[PDB]
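Trainee: Once you've seen the sequence and the experimental structure below, I've got questions.
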Amino acid sequence: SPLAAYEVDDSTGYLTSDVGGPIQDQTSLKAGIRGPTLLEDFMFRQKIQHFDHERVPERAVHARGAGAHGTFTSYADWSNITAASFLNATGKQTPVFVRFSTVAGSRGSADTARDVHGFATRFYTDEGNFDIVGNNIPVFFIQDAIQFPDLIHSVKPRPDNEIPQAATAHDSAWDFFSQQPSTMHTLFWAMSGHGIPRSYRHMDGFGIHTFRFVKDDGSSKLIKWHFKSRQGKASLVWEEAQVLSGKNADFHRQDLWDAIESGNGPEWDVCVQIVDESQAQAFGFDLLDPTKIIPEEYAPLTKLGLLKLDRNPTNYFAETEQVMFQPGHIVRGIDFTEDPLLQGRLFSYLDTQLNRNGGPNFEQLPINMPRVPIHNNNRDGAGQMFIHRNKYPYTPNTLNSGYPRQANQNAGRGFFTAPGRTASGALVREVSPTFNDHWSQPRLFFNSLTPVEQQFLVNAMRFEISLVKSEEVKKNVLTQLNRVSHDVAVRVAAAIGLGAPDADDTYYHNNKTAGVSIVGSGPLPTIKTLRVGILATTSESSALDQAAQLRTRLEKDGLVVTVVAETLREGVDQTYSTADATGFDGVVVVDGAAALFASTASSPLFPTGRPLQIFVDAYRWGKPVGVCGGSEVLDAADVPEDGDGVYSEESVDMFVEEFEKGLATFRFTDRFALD
Amino acid sequence: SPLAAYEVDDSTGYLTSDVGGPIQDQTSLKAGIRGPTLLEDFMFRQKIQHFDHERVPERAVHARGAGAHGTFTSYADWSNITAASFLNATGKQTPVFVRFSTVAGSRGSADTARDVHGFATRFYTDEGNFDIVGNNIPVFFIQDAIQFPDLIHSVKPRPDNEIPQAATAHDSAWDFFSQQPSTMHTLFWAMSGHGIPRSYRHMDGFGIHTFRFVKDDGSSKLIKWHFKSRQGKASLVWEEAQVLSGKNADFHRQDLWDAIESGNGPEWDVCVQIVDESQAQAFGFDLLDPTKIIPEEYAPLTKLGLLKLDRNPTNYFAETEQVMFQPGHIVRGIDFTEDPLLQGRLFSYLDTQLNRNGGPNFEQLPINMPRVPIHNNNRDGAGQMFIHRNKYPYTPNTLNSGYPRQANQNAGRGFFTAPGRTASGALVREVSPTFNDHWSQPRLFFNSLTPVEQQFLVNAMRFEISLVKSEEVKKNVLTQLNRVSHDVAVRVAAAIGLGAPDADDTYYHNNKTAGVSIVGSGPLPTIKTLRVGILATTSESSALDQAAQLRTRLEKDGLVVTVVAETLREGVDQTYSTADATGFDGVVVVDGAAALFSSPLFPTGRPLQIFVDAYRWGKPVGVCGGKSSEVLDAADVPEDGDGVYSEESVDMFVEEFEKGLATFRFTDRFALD
Ligand code: HDD
Ligand code: HDD
Ligand SMILES: [Ca+2]
Ligand SMILES: [Ca+2]
Ligand SMILES: [Ca+2]
Ligand SMILES: [Ca+2]
Ligand SMILES: [Ca+2]
């Protein structure tokens, strides 16, 4: 509603100033036709002042990201576990807006950097805006919010030269990770495929912190939020991610945009783990510690409702850039915990909007407005867009008949702090000793990945640590990695020419947990939206016919098909010059195009070797690949015909049926070497 | 540093607040060891408030860039042509700060996007700060500053979804270009290798506009600024730039930073073309039109002095992010012209600093301060750092004895407007008809490029225009291109499966001009700083030995050598896993590593792909040690190719290879239409 009221249509009409005076804006007013521009040209100055002031500070973290509208629908009346109004009835719908992001990069940095990712969700509830400001990884680097600028200074570019962009592959970051062992768990997640998701739709969301569900009788339970993807879990490989950062920095935002435009809006089951207050230390670690997960073997997930994103913004700046999330946007039926990471966040997100917005009335921007009436005695401030009719904005008053009325647990559906909560003890700047195991869970996570996934994680660390210049930092990194796993430390040390420290088995173990592996999570549950590149030629009308035949068969099943040839024409979407294997989830060469794949093939229309390099890159990166028409191509690529995920069929139908199974498998991991 | 007065050392001492109270900053204050955080924790709040407020708006354009300090030295007393103090004596030195940039991308976008580039120079003169806010292309897309938001909206990402980053390769940009034909000249420059320079040190800087030099006696002449690189002109190739944008988004800033750190700070001759006022229309176009160059054949360059950058910043945000350039930072001896693009800039750069700084005292930031006293009656404002002793800040006054005194042509070395300038006519919002030829100069430029360079430009256009979804926009683009060159139109049209319109010869010609070609600009004058990747192996102790010997011989000549192998050790800089051909200007394989040409330590095929990419992209490549055929045959690289080297002798190999680094690119490796 606040959005619809502020939509501005410029599909017709004459140009006006911001005060509705019709004007022009194409030629400056000058003293003669070859003369100096005049100060009295208000048309020039208003247009250029606006331009000059377009930009606002980027977000201090998560500067790079993209958003969409949708709806949350409750599966049930959840009154038995929370008073939350948005959860109080089967089928109850609440509008949402979600923004997804990286963490370290500035605006304009690439989507496919290796990083932690944001997953921030606003529920415009009938009892106020409720935000769950989460990440795609369920644990955080640090245990106390006061350390956030340390973490973030260390990962962001070195501040003398501002190098490197959007990367932890520098001395300072690994200096911090090695000195602050709490970082191990999130580190291991970021060095897995969770640091390079295939799309925002193929990752989960996590609140990280323990929160409370509070009932209308005052009782509480402890919860963790999990948003579980209905699209499946999928990652890129690092070598692919690096090329994609160059070829399409906008890959995740375009994937989102496109999925929504085609009627394939992504979905998640909004879930919780729910445990009793008495179980704060029962699972072998402290539920106040944001570097720990509750293994699902100890507390299963309950599905609360469906999150669907199905509408793109109208103006990115107004909606996506200006959305201002806060964990302080809480509603009756939810409460905080004493997680010292959460506790400090509550301060930060209120304060930082003053930086972004430049003034205190940021909740008035349409994307930040609620969908219920606002009744309070907040007044004035720069940018004040309301005209308040209550001329006695103080409590207690008689002159406004004691309105607005105080809301609390007893009346008015007020927020209230869970009334069972207490504090006791000295006023301290001390870390709880219950937070001191920094290594067991990183090992739990590592144990739960498949062998090739473990290899990819090792290889990520090998990559990044080999770029650390400091020999001491690199030694200190091995010291910490060795506390998680001696084998990781040895394997990583081998790439950097150092020896690993001797095994220290204090935290070693062989326990695993379900639901953290990407490679182990089975085939994708849908292939709709996945991209197939068909490599063809204009030389041979046979090639274009085969391509068209595959197109119809793949499109029917919701795949996005790109036919690539030397030059554009009817049925060809993309020239070889602009094509890359990073643009596809699977690649098919029509056998009529075989000539383009020869070592001597050359054209002024694309770079030498491009058609073959698309095919070979796709294969090396694990993708389903094949040749359709029943040979030259598989041999030019040194691609084995018997390999899993390599397809070779004369029959278009048999080809598509086999090829679509391989898109669901998504990645053929047998093509990656192990230690 | 020139900013040493403002430096803060933290190499010793105990943590303090901003008001000097010693504190801690690692644990929050809590009501109990597992308790909630306390509002009274001022340590937490001051630290997190600062964090929360670290960011400032990026620049509205040229958001992505990097800078360095240096010195300008005059070659002579230029009293003959300008009263400018910084140019008034042979050997006179003035500190400078320079920022280079792209145009369209935000912060964090890649250095090697295809774009126009900024080259902004501040001279901290003894008569005030003087800025030349230029680009690496000598002409601008548009003819009136009022149009700047239109250009920039069209080239920046589409505003519904903010896609694409740092790119003209989208419908809106090509829509604007094809509807505003003024854009042709800059567009051809940007679609040339001038859109993807090899480094900031391998590009020139241009003021674009005609300015005036003004002597103390009031007379004036018309000038164009040219800063001509002493490193040579060089570009990337587009495939290479695309990969490099992913592998190293910081490539230009690192190149610069490393050059300075190694004592190879980049140099430019600061030059002008100098013509009489009576020549404003004499060259076949109007000197007020920023879409035109004065061909060097009509007005030669005069060298004024030397620009050398030789000191990197101490704090990037404080120095580079905060530097606030303005064309209104002008000094006695220089004046403006009635170029309608320049005229409107003067407003923009003073105003925009209010957005960036959040208040009016942005000239007090250390990087913005002048190196001479300030005497004026500007007062107050947020962030005011000065404590003014004059309590009568108005003119005219008696109560401060009439100080500060007015400065003008005749007293106090004042700035003064060139007194021969006049204006005549109606007050109009009309374009001079003298601006109307949008197409001849683009053709002049295109004609001046070599054949392969012409092909690269065609190829950049084919790449971008093929991404334009609108058939109508594509057709309109072909219409404009065809007015520059029919052949360009035909060759671009072929890629996008449309027919070019028939020849329209109104603006066609065969004239050329010197100094605009990159490919034609001959070997580089220096190879110092250029990057040689030596691909080796740890399996064979002789391969490491070969690499060490090559390293020695190459480093002697000031090349930056990287030895690559499977794993790090003594003498090996980089693993195959982190290496890429975009990291090198030439690639050498030692023949002890020939067996590499699969492993858990690097992606399949990586060693050979580095060599093959390097060859495909034009670089000098070769095999040192005598046995070349196994590597060269694996690569499909012909032993007899130009810029392909095979020698057993390390000296012979390096002597040959260095000639190839100076040639820089072997253009025979690219197909022509
Ligand atoms: C004490 C400070 C602090 C700490 C410990 C954290 N953050 Fe935060 N976060 C910020 C301070 C902050 C911020 C500076 O206040 C940002 C920048 C922009 C904004 O609105 O808030 C932010 C932004 C931000 C966003 C982007 C929201 C958007 O798309 O606009 C996400 C997703 C997160 N954070 C998620 C997390 C998670 C899951 C954390 C740990 C569980 C976390 N942050 C800890
Ligand atoms: C009407 C406005 C307008 C017009 C016509 C131009 N510019 Fe500009 N330019 C700006 C308005 C602007 C600005 C909005 O004022 C910026 C953003 C940051 C700043 O300080 O000024 C800017 C920044 C900016 C910078 C970055 C300086 C730095 O590194 O901080 C360079 C190099 C240029 N411009 C160069 C040019 C050149 C060579 C132009 C034409 C000859 C040009 N601009 C026309
Ligand atoms: Ca660093
Ligand atoms: Ca993976
Ligand atoms: Ca567009
Ligand atoms: Ca402000
Ligand atoms: Ca004057």
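Mentor: Arrived safely, thanks for sending. Numbering: from 1, shown residues only, chains lettered A, B, ... in the order given. Ligands and ions are numbered 1, 2, ... in the order given.
Trainee: how about the nearest residue to the residue of the stretch 151-300 of chain A found nearest ligand 7, chain neighbours excluded?
Mentor: Proximity of the stretch 151-300 of chain A to ligand 7 (C-beta to the ion) peaks at residue A:162, 41.2 Å away. To be clear about C-beta, it is placed using only N, CA and C from the backbone, and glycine gets the same treatment. Leaving aside its chain neighbours, residue A:162 sits nearest to residue B:316 (4.2 Å; criterion: C-beta to C-beta, 6 or more residues apart in numbering or on different chains).
Trainee: ok, the one you found - contacts?
Mentor: Contacts for residue B:316 (C-beta atoms under 8 Å, 6 or more residues apart in numbering or on different chains) come out as A:157, A:159-162, B:66.
Trainee: Just flag the most distant two among those.
Mentor: The two members of these with the most space between them (C-beta to C-beta) are A:159 and B:66, at 13.1 Å.
Trainee: before we move on, back to that, export the contacts of residue B:316 as a markdown table, with columns for distance to ligand 1 and secondary structure.
Mentor: Supplementary listing: those in a markdown table, determined by distance: C-beta to the nearest ligand atom, whole Å; DSSP: H, G, I helix; E, B strand; the rest coil:
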| residue | distance to ligand 1 | secondary structure |
| --- | --- | --- |
| A:157 | 17 | coil |
| A:159 | 17 | coil |
| A:160 | 23 | coil |
| A:161 | 24 | coil |
| A:162 | 19 | coil |
| B:66 | 25 | strand |
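Trainee: Using CSV, lay out those together with distance to ligand 5.
Mentor: As requested, the contacts of residue B:316 are exported to CSV (distance: C-beta to the ion, whole Å):
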residue, distance to ligand 5
A:157, 30
A:159, 35
A:160, 37
A:161, 33
A:162, 29
B:66, 28
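Trainee: Out of the residues you listed, flag the one nearest to ligand 3.
Mentor: residue A:157 (7.7 Å).
Trainee: Could I get the phi/psi values of the closest one?
Mentor: Per-residue torsions, residue A:157: phi -60, psi 150 (degrees, to the nearest 10).
Trainee: If residue A:124 is in a bridge, with which residues?
Mentor: Counting by DSSP bridges, residue A:124 forms beta bridges with residue A:129.
Trainee: And chain A, split by domain according to the record?
Mentor: According to curated CATH domains, chain A is divided into the following domains: A:1-427, A:428-526, A:527-675.
Trainee: Please render those as TSV that adds distance to ligand 2 to the earlier fields.
Mentor: Below are the domains of chain A laid out as TSV (distance: least, C-beta to the nearest ligand atom, whole Å):
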stretch	distance to ligand 2
domain A:1-427	5
domain A:428-526	29
domain A:527-675	29
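Trainee: Indicate which one of those is closest to ligand 6.
Mentor: domain A:1-427 (4.3 Å).
Trainee: close to ligand 6, is the closest one?
Mentor: Yes: judged by C-beta under 5 Å from the ion, domain A:1-427 and ligand 6 are in contact via residue A:358.
Trainee: Need the distance between the two termini of stretch A:512-520.
Mentor: End-to-end distance for stretch A:512-520, by C-alpha to C-alpha, to the nearest Å: 13 Å.
Trainee: I meant to write stretch A:663-675 there.
Mentor: Start-to-end, stretch A:663-675 (C-alpha to C-alpha) is 27 Å.
Trainee: can you give me how far that stretch is from the chain middle?
Mentor: Counting by C-alpha atoms, centre = their mean, to the nearest Å, stretch A:663-675 is centred 24 Å from the centre of its parent chain.
Trainee: How about that stretch and ligand 4, touching?
Mentor: No: Stretch A:663-675 is not in contact with ligand 4 by C-beta under 5 Å from the ion; minimum separation 7.4 Å.
Trainee: One more: stretch A:439-451?
Mentor: No: judged by C-beta under 5 Å from the ion, stretch A:439-451 makes no contact with ligand 4; its nearest approach is 8.3 Å.
Trainee: That stretch: how far from the chain's middle?
Mentor: The answer for stretch A:439-451 is 23 Å, by C-alpha atoms, centre = their mean.
Trainee: hey, C-alpha coordinates of that stretch in CSV?
Mentor: The C-alpha trace of stretch A:439-451 is given here as CSV (Å, rounded to 0.1, in the frame of the first residue of the first chain):
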residue,chain,number,x,y,z
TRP,A,439,37.1,-26.5,17.1
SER,A,440,34.8,-29.4,17.8
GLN,A,441,32.0,-28.1,15.6
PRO,A,442,34.3,-27.0,12.7
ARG,A,443,35.4,-30.7,12.8
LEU,A,444,31.7,-31.8,12.9
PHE,A,445,31.0,-29.8,9.8
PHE,A,446,34.1,-31.0,7.9
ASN,A,447,33.3,-34.7,8.8
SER,A,448,29.8,-34.3,7.3
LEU,A,449,31.0,-33.3,3.8
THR,A,450,31.6,-35.8,1.1
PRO,A,451,35.3,-36.7,0.1
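Trainee: For chain A, list the residues in contact with ligand 4, please.
Mentor: Checking chain A against ligand 4 by C-beta under 5 Å from the ion, the hits are A:193, A:235, A:518.
Trainee: how does it look with 6 Å?
Mentor: Proximity of chain A to ligand 4, by C-beta under 6 Å from the ion, involves residues A:193, A:235, A:453, A:456, A:518-519.
Trainee: Could you check which residue of the stretch 251-400 of chain A lies nearest ligand 4?
Mentor: residue A:252 (16.3 Å).
Trainee: Could you do chain A as well?
Mentor: For chain A, C-beta to the ion, closest residue to ligand 4: residue A:193, 2.6 Å.
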